[PDB]
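Asker: Below you'll find the sequence and an experimental structure to go with it.
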Amino acid sequence: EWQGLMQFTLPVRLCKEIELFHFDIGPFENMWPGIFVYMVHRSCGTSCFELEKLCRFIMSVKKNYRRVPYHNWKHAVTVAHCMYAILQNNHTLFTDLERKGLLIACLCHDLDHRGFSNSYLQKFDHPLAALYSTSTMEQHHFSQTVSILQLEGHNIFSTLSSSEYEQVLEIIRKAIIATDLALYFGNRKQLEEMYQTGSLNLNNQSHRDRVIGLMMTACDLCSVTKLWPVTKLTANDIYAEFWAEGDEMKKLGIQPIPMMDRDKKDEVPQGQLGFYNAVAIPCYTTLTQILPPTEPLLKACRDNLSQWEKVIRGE
Ligand SMILES: Cn1ccc2ncnc(Oc3ccc(Nc4nc5ccccc5[nH]4)cc3)c21
Ligand SMILES: [Mg+2]
Ligand SMILES: [Zn+2]
């Protein structure tokens, strides 16, 4: 498996399209791992990692994604691609070590996701909720990454110094924890505060960490920044999984919130519009303000929002 991956070269007809924010990995399933290789080479250099160790890592990450409807291997690569495009349009603002870490983090941010929310696992007293009280799945996701890195021939940061190793693990740690949507609101409120007061300093490490946190959220939800046909199909995958979580509550004899209730299928468009306005728009809006080149994401988000309006209005 990892043998054929090293030989892979990306089709030339996709060299300029892959750089676009709205790029859809959808119809390139068996190219996905090589696409991640491509992106890492272009953003961090070809002589950044040993190819063998990197390919072993990608393949092990792949297999440790469960066959769930949304939080699966495809989602990982999609989030990784969004991050790539962000980093490519903001060349100088991020260090070499941050580029390596963030792309790895995006690929690993949902490792061994069971298809259940933190809310579900905490309610029903899951061993993972017993272990990690808050940001349950996210701490597991990172745990999983560490385990994979500590496998033989999988340590892709082996060439980095002892000091550089513990720095990139912290960058990875924070980026993955930040993908907990519950933490997003506080983060974005703080970043908006700093912008309008003009107290935002990118020399400030804790300010850097916050900006990165927002980038993680923006990449995580980047399905809303694709073209309407792609976005609509991704919406189907999210709800299929949400509804599967809903069914598991019904089997336990407990009625789930309408978001996860499949009998509330009609209220999906209204739920979507609400989500775009409350969560998606402010996200990409604040990100655009901090990183102006990321504007095509906001533009793309506005487009889809208006499409859900047409749905609600029946057009
Ligand atoms: C996580 N995620 C990543 C990308 C992405 N794209 C779209 N939706 C996402 O997640 C949701 C899904 C649903 C809701 N709300 C909701 N309210 C409802 C009320 C009734 C019925 C369904 C309802 N659904 C909010 C967020 C996405
Ligand atoms: Mg997650
Ligand atoms: Zn995710």
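Answerer: Thanks, I have the structure now. Numbers count the residues shown, from 1 in each chain. Ligands and ions are numbered 1, 2, ... in the order given.

Asker: who touches the residue lying closest to residue 94 once chain neighbours are set aside in this structure?
Answerer: Of all residues not flanking residue 94 in the chain, residue 87 sits nearest, at 6.2 Å (CB to CB, 6 or more residues apart in numbering). Heads up, the C-betas are built off the backbone N, CA and C, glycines and all. Contact analysis of residue 87 by CB atoms under 8 Å, 6 or more residues apart in numbering lists 43, 94, 99, 102-103.

Asker: Relative to residue 50, how far out is residue 87?
Answerer: 22 Å (CB to CB, to the nearest Å).

Asker: How about the residue positioned nearest the centre of the chain: what's its closest non-neighbour residue?
Answerer: Centroid-nearest residue in the chain: residue 220, 3.1 Å away (criterion: CA atoms, centre = their mean). Nearest residue to residue 220, sequence neighbours excluded (CB to CB, 6+ apart): residue 179, at 5.1 Å.

Asker: Counting neighbours, what do you get for the one you found?
Answerer: 24 (other CB atoms under 10 Å).

Asker: Residue 1 now?
Answerer: 12.

Asker: separation between residue 213 and residue 202?
Answerer: From residue 213 to residue 202 the distance is 14 Å (CB to CB).

Asker: what about the two, which has more around it?
Answerer: Remark: of residue 213 and residue 202, residue 213 carries more neighbours, 23 against 11, as counted by other CB under 10 Å.

Asker: What parts of the stretch 101-250 of the chain come near ligand 2?
Answerer: 110, 179 (CB under 5 Å from the ion).

Asker: Recalculate using a threshold of 6 Å.
Answerer: Within reach of ligand 2 by CB under 6 Å from the ion, the stretch 101-250 of the chain has these residues: 109-110, 137, 179.

Asker: Export stretch 169-178 to CSV, keeping only CA atoms.
Answerer: In CSV, the C-alpha atoms belonging to stretch 169-178 read as follows (Å, rounded to 0.1, in the frame of the first residue of the first chain):
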residue,chain,number,x,y,z
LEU,A,169,3.5,18.4,19.3
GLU,A,170,2.1,21.5,21.2
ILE,A,171,1.1,23.1,17.9
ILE,A,172,-0.6,19.9,16.9
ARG,A,173,-2.2,19.4,20.4
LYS,A,174,-3.8,22.9,20.4
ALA,A,175,-5.0,22.8,16.8
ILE,A,176,-6.8,19.5,17.4
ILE,A,177,-8.4,20.5,20.7
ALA,A,178,-9.5,23.8,19.0
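
Asker: Sweet, I'm off.
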